[PDB]
Every structure is written in structure tokens, then in C-alpha cells.
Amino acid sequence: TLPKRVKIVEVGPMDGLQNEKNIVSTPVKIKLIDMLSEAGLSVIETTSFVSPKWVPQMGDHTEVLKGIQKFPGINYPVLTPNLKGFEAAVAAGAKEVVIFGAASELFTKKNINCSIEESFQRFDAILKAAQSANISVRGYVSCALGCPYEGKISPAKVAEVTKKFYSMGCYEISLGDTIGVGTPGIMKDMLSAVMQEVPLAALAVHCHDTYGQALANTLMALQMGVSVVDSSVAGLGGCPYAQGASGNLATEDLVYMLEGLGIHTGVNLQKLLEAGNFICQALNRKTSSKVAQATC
């Protein structure tokens, strides 16, 4: 049955902002994050210590992590694509980092010119350094419900890559459907295989709403026992490998579904909505949250 509590992983200021056409000032990023903490979120992916030469929207990573209020008990993980970035994250005060891979060979090769297996070597240093520093590492597997290049992805393959991340030291791995082509059965089959090798509590899903399947795919995940899901404030985000259609599952809409289900989230919807409106105005875009649209 459904879990009693769900840990929402707010990715809006990171995954969301990274995939937005307009960029926002550093103070705006900081305000948004402070507003998400005040909304009650347990974890808020803050930024990415990535070469400003490859992704400018995240250029203020250092000053952002250092500028945000650190609410008691709230986690503020940051992406570290390589060892240099990991080092910059540590020096800036990061206590948790996120590394990423894919369950698809084609996707991996087109992105870093190496196989899935080879893509892990890049982490070994990060993984060992993080351990020597008492720093938590979150894993992420994209193409979990399908790949824009290979198409359908085998559950067994997703289970193998998640397993690898898990045994390498990732305390939690988030399964992603960034192109958003997944449907309930695909989610089910994938989770079923992954749960064989990895303990349920170490799992999370990150569904994009590109095809309007995000919430439905998420509920299936919840039905399978998963208790941590990723979402972006007001549906902020998008995928470079897909068309016009939106990106991330809207946090407010997920919260609305969980409150209705009587599932504890510890999030104040009213305040969450305020955060959503703030960043949307600063980004000059209409919210992608249906709850937001209907409420005001």
C-alpha cells in the first residue's frame, strides 16, 4: 500500500532553473530557496558546481550555496559533475552532493564518449573523497523509463546501474524519466526490477510531465512503496531532448495529491504556492502548476 510519509525532493532551483530559457539574478535564486525552506521542504537541490562554460544558468553556484539560510534539519544538496566541481562544492560548505548517470549506452556515449561502465570511473574519486569528508552522495539514473536515443529501456538494465550507484556509496538513487515518455506499466516494471537489488528506502523517482504522465507515474511509484519523489516548484524545467512540452512534475500539484491521500509531507502548500509565484514572476512565465492556476 501507500507510504505514510513522503520525502519531497524540491529540484526547482537546480534542475528547474538549469532548464529555463531566462536566467535569474543571484539574489532571486537565494530568495526562492529561502521561500522553499519556509514552505517546509526537507531537501532543496540548491545549485550545480558546473563549469559556467557549459551551463551559465548555474554560474552563481558558490555564492548561492553560501547565501541561502540553512534551516534546521533541512538538506541542500548540490550537483558535482566532476571532481573539480565536487571540490568547489565542499569548499563552499556543501554537505551533500549528487552524481548522475544513465541506464542507456547511447545516451551516455553521446554525452561523454564512454560506456555506462566507464562513466562510473569518473565518480570513484568523488565517492572516495566524499566518504573521507563525511559527505553524502545522491545518485541519479536518467532514461529509467525510456531513452530519446535507444527508445525502450530494459528494467534489468536500470536495476544494474542503480545497484552500481548504490554499492559504490550512494545512500539514495533517484530514477528519472526526463523525456517523460513513461506510463504506469513501465514505471511498475522498472521499480519491480530495481527493488530486487536495492532496498526500497534508498529509492526515489523524478518524473517529467512532458506527456502529462508525471503524477500518474508518481502515484504508481508510491503504490510500489517508494517514499521519496522529486518535483520542481511550479513545474519549472524542461528537457533539452524533447519538444515544447513542459518539464518537471509540479511540486504544488504533488503536494495537493499527497495531502488528499492523507500522506505526510510537512509542506505548507500556501507558502509553497507563494514561492512558485515569486520565481515565476521573476522568470516572466506562467506557472505549470494546475493547483497554482486554480487557486489564484
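Residue positions are given as counts along the sequence shown, with the first one as 1.
Decide which of the stretches 9-17 and 277-285 has the higher mean C-alpha B-factor, going by the entry.
Result of the comparison: 277-285.
In the PDB record, does 231-239 or 28-36 carry the higher mean Cα temperature factor?
In the deposited entry, the stretch with the higher C-alpha B-factor mean is 231-239.
Residue with maximal Cα B-factor (values as given in the PDB entry) among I68, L254, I44, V50:
Highest C-alpha B-factor among the listed options: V50.
If I read the C-alpha B-factors straight from the PDB entry, which of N113, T183, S142, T218 is highest?
It is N113.
Please place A129 in the lowest, middle or highest third of its chain by C-alpha B factor as given in the entry.
For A129, the deposited C-alpha B-factor lands in the highest third.
Taking only the Cα B-factors deposited for this chain, tell me whether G266 sits in the lowest, middle or highest third.
Its C-alpha B-factor, which the entry lists for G266, ranks in the lowest third among residues of this chain.
Just say lowest, middle or highest third for the CA B-factor of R122 relative to the other modelled residues in its chain.
Ranked within chain, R122 CA B lands in the highest tercile.
What third of its chain, lowest, middle or highest, does the C-alpha temperature factor of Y149 fall into?
It falls in the middle third of the chain.
Pull the Cα B-factor of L191 out of the PDB entry and bin it into the chain's lowest, middle or highest third.
Bottom third by C-alpha B-factor.
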